[PDB]
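One structure is given below, encoded as structure tokens.
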RNA sequence: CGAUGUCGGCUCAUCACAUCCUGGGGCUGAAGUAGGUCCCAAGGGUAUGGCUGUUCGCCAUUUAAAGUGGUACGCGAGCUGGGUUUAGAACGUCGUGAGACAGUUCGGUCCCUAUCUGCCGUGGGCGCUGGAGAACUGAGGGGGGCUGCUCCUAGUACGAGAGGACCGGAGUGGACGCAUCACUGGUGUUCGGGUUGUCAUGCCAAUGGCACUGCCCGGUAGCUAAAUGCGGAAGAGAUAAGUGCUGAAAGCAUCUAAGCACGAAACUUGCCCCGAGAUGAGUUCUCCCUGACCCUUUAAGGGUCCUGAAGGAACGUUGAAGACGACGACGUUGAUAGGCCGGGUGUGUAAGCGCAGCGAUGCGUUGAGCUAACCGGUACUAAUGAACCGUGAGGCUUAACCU
RNA sequence: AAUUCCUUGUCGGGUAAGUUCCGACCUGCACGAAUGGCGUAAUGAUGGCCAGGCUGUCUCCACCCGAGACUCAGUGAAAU
RNA sequence: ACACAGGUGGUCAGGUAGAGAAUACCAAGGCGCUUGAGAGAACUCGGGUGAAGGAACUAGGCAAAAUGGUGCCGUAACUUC
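Protein chains in written order, with the entry's author numbering: chain BP, 1 to 114; chain BD, 1 to 209; chain BN, 1 to 120; chain BK, 1 to 122; chain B0, 1 to 56.
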């Protein structure tokens, strides 16, 4: 049997960005609220793993206070209208959990200068 | 009115334009082979032996082999005899596809629970333990006071104590149909289903509806 | 209780669950036949066949296979010379266990493991 | 979770930072409170511009949580701190003139004509 | 300590009606050496499953 | 008195209603919303904090409810031992003083190898009339229900106003108990990263130990609920308390006698799990056996010689099955387990070599090397060949068909 | 009050709510001078109370490791 | 009363660290335990790791858990100084 793999493939979108931990993003959603179908826009930072296929969480933080203001955007969700990639940081690690106990001025996703 | 058997292939989330992701279970329902149709009403009742899969021929004995021989060369395991009342079905041996649910909104699924062994009172009856703070010793995973002091002389039968959990029959009473495609053997349902390889997953239309 | 866990526990100290067999693999590369209890022969066969599949490949700034422990100096004349090249054209299974029952009357089942390329 | 004896901050404008939950309200044997839910509260802190004394007992509506929300649209949204709006013990409704923060989208449709009219973003 | 005389020999003599035995159940004879052995076990003659395993 | 543990609380509730809430039926000296009250159904259900060791008491806050009454003023081979109760004495009282006071206080004794009666699970067994298996049935047993909230009746009625409802309707949280691993989090002593101290390998380089898995950061499968997910319904039937129609015993009258229609959450039917020890042993299908003589105060038992089906157990590689038994998958007629070949995922770019820098360190070789639990293939190690147990068409009687 | 039953003392603060705490009242059933009267700094392997701190004490424990409980072999008690 | 998880005065003393005669790895030297073969379940007990809430636990912060080291800045009332 293969029908489950074709079912996830018709629910996934025909192109989406391949972002990773240490990336910044700008996202637009229509919030599924009511008759106006009104748009909401946001810009933030990714330190959570994407990860792969239909069930990507796409967890984004603002990284500007000692509390991250976390939101789960879901890459393949039909409530999303645009997903845009901005910049990438000088990190090499993918876990990055130490940044959850720092404020935004101590979580600038590294610069290194090698 | 009857039911079908088909095998689980996985669980996923379909995603919907209401924002909710709707967790769904995928079942592949190959046409149920039909080993015998009993429309002749012997002893005052009608039935159908819907049949799915077959058992390895080194573990099929002659008392079972002759019980599938009159409808094919393959035999054993799930014969599945269902009774027929207030409904006519075609009189001759003919297999039944999953299109039986293509005009059904709600279903139920019955199978066999996972093995949980020994259990004990706490893991069988989901029972409140005794607190180990401020003393108490030698027993904390017991129900306490199994009868009402001195005048019972006895314990009552079938009470919420002891026993072993799992490896038994279990029903999930309500699931929503999402997609049916009999050319692909496909059944797609909103929800989750009990047990793994011990579970037969007998799926039925809602008899309340 | 067990639902994915299966690995044989055997010994009280955590490292002794491997050391008992690391130490006895040195005796097996020496004598090519060993007498020990059936669960100890099964745990002796564990990981040492993948160590012969590691003795199959060309190594660089590393001679550490079987030499990092047990202080034997005959292994460095067997390895890459005949231990490896005698077992690389067989496709797996480098030991035969010769499974037997109780040795005489106690509850100890016996095994007579051999390194499979032996002659008589 | 927001349960009995849980500490929150005041979102009614120029309010105190420590106020404590004592009853979840509404019945059906329900436990805990979510965002947009009404609770019984006690005032653990007083401030010079504050409208209420320490030890007073009132009603409040929850407007922000660290745990956040995940069920109305099936996806998770989390916030900074644990916050609530205080109500008058005689006449009910908010006691200041404004409420702080953008709040939940479900709170913009809630049973409170004086809370859905204020300037929060969402 | 608490006991009503002894456990009756009627109940003790009923204790063997349910299995508690640990002993090998049957032995068989090899078709290459005529030697007596256990099932799925090598002979004292070095023969098993129709083949010669070792020289003895 | 040859033995009868004490107070409250916890912990466990149990069993009721002279009914706390919910369902249903009538009133108020009840305009509505309120306040006050009589009573059928025992079917569904019936609080947390403060002060105190507290029953009691006052005091903060809920719920549709926190009410009345029993159970060693309910639970010690239950928990707590805070209170009451000894063994030193501190303060007050009576007395010269021992001793006395329904006085206050610091500290102060709660320990168990399951014999029988009970109950639960798991094997085994005898019963069932030749032997065997698979599915079915239902005499019998348990589960469940009540409350809120939005929308409708309706801003109707009643009410100068202030306010502000019935009874039949539609939808849906949550409680309760269980089921999933898609994900979402925690864990994860078969994995990995960083690192403090030390040991050996001659040394150094580089590895492998030990110090709680040395620690610190992390983690797959699996486990786990916070993760997400679901139902006890409707309809009909009968019908208590209750509302009535027609109406007799009885020229008149009556809610009853005959003839009838209504009348509840529940009940009965209904949903689901279990169930032939139901010796009342049920219904149905499927497999198999075609030898011959003999004995008895011989319609039932017992031998000899031949012969051994269907089926069972033993042997065995493994487990989303398991204390042990027992049981699914699977056995060379083979990918069940390990090993191999290739890839996947995890780990994150090693060593050696070449270089940048005074060096710590950094770069290229290098998406390196390594690899828990997966997955496209593959018989290298293991997953018999026989023997054992089970027989030979099966009693007595009648009814029905043909010889 | 290490003394007071009367009381749930009374009044103030503390607490959501303070028979416990401290500061006061005098109407002390029964304080008072080396059987010491009343005060007191530093101090406590302390009787009580307040705030601050952190926490599996609690909401509510969940996973995970280790032995015994087990299946065998060798041995192998007592009260009752 | 035992070939007993117990007790027993003084003497010595090397490496790495470390304040050290602590502790942890090693030396000189000693020992692997007078039961073996396993299997890895309720339940009790001794340990390892932890999300959001938080003394509400309980008569009682009892117990547990953080705080803890070696330098520097800084540091109230009161006092028998």
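Beta carbons are placed, not taken as given, at the ideal position from N, Cα and C, and that holds for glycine.
Comparing the C-beta of residue i with each C-beta of chain BK, is any distance below 8 Å?
i                     : result
residue 71 (chain BP) : yes
residue 11 (chain BP) : no
residue 20 (chain BD) : yes
residue 91 (chain BP) : no
residue 26 (chain BP) : no
residue 74 (chain BP) : yes
Please confirm if residue i has its CB atom under 8 Å from at least one CB of chain BP.
i                      : result
residue 15 (chain BD)  : yes
residue 183 (chain BD) : no
residue 28 (chain BD)  : yes
residue 10 (chain BD)  : yes
residue 75 (chain BK)  : yes
Measure from the C-beta of residue i to each C-beta in chain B0 and report whether the shortest distance is under 8 Å.
i                      : result
residue 51 (chain BN)  : no
residue 120 (chain BN) : yes
For my contact list, residue i and residue j are in at a C-beta cut-off of 8 Å; report their separation, rounded to the angstrom.
i                      : j                      : result
residue 85 (chain BP)  : residue 19 (chain BP)  : 6 Å
residue 32 (chain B0)  : residue 47 (chain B0)  : 5 Å
residue 51 (chain BD)  : residue 37 (chain BD)  : About 11 Å; that fails the 8 Å criterion.
residue 166 (chain BD) : residue 116 (chain BD) : 3 Å
residue 87 (chain BN)  : residue 76 (chain BN)  : With a Cβ gap of about 17 Å, residue 87 (chain BN) and residue 76 (chain BN) do not count as contacting.
residue 8 (chain BD)   : residue 107 (chain BD) : With 8 Å as the limit, residue 8 (chain BD) and residue 107 (chain BD) do not qualify as a contact, their Cβ atoms being about 14 Å apart.
residue 18 (chain BD)  : residue 32 (chain BP)  : 6 Å
residue 33 (chain BK)  : residue 2 (chain BK)   : 5 Å
residue 79 (chain BD)  : residue 49 (chain BD)  : 5 Å
residue 65 (chain BN)  : residue 54 (chain BN)  : 6 Å
Within 8 Å of any Cβ in chain BD, is that where the Cβ of residue i sits?
i                      : result
residue 34 (chain BK)  : no
residue 50 (chain BK)  : no
residue 56 (chain BK)  : no
residue 7 (chain BP)   : yes
residue 18 (chain BP)  : no
residue 152 (chain BP) : Outside the shown range of chain BP (1 to 114) lies residue 152 (chain BP), about which nothing can therefore be said.
8 Å is my cut-off, CB to CB: does residue i come that close to chain BN?
i                     : result
residue 27 (chain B0) : no
residue 41 (chain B0) : yes
residue 44 (chain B0) : no
residue 21 (chain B0) : no
residue 55 (chain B0) : yes
Worksheet item: In the segment 8–46 of chain BD, which residue ranges form an unbroken alpha helix (DSSP H) of at least 4 residues, counting only runs that do not cross its ends?
Response: none
Worksheet entry | Uninterrupted beta strand (DSSP E) stretches inside the segment 131–202 of chain BD (no shorter than 3 residues) | DSSP runs (the beta strand (DSSP E)) wholly in the segment 131–202 of chain BD: 169–181, 186–190.
Worksheet item: Counting only runs that start and end within the segment 4–56 of chain BN, where is the alpha helix (DSSP H) found for 4 or more residues in a row?
Response: 16–31, 38–45, 48–52
Worksheet item: Got a sec: which bits of the segment 186–206 of chain BD sit with their beta carbon under 8 Å from any beta carbon on chain BP, in order along the chain?
Response: 186, 188
Practice prompt. Tell me the start and end of each unbroken alpha helix (DSSP H) in the segment 19–50 of chain BP that is at least 4 residues and wholly inside, in chain order.
Written response: none
Worksheet entry | Interface residues of the segment 86–99 of chain BN facing chain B0 [CB-CB below 8 Å] | Sequence-ordered contacts of the segment 86–99 of chain BN with chain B0 read 98, 99 [C-beta pairs closer than 8 Å].
Worksheet item: Are three or more beta carbon pairs between the segment 97–109 of chain BP and the segment 64–82 of chain BP nearer than 8 Å?
Response: Yes, since at least three Cβ pairs between the segment 97–109 of chain BP and the segment 64–82 of chain BP fall closer than 8 Å, the two stretches touch.
Worksheet entry | Short-range partners of chain BD found in the segment 49–60 of chain BP, where Cβ spacing is below 8 Å | Against chain BD - using a Cβ distance shorter than 8 Å - the residues of the segment 49–60 of chain BP are 54, 55.
Worksheet item: Okay, do the segment 41–59 of chain BP and the segment 19–30 of chain BP touch, 3+ Cβ pairs below 8 Å being the bar?
Response: yes
Item to complete: For the segment 78–108 of chain BP, enumerate the residues whose C-beta is nearer than 7 Å to any C-beta of chain BD, in chain order.
Response: 78, 79
Worksheet item: Per the contact definition of three or more C-beta pairs closer than 8 Å, is the segment 67–79 of chain BD in contact with the segment 114–134 of chain BD?
Response: no
Worksheet entry | Inter-stretch contact at 8 Å, needing at least 3 Cβ pairs: the segment 188–196 of chain BD / the segment 96–113 of chain BD | yes
Fill in: Proximal residues, the segment 78–90 of chain BK versus chain BP, C-beta separation under 8 Å
78, 79, 80, 81
Item to complete: Residues of the segment 99–117 of chain BN with a CB closer than 8 Å to any CB of chain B0: list them in chain order, please.
Response: 99, 100, 101
Worksheet item: Using 8 Å as the Cβ pair cut-off and three pairs as the minimum, do the segment 4–22 of chain BK and the segment 44–53 of chain BK touch?
Response: Output reads yes: the segment 44–53 of chain BK touches the segment 4–22 of chain BK.
Worksheet item: How about the segment 58–75 of chain BK and the segment 104–121 of chain BK: do they share at least three Cβ pairs that are nearer than 8 Å?
Response: Contact annotation: the segment 58–75 of chain BK touches the segment 104–121 of chain BK, with at least three C-beta pairs closer than 8 Å.
Practice prompt. Give, in chain order, every residue of the segment 100–114 of chain BK whose Cβ lies closer than 7 Å to some Cβ of chain BP.
Written response: 105
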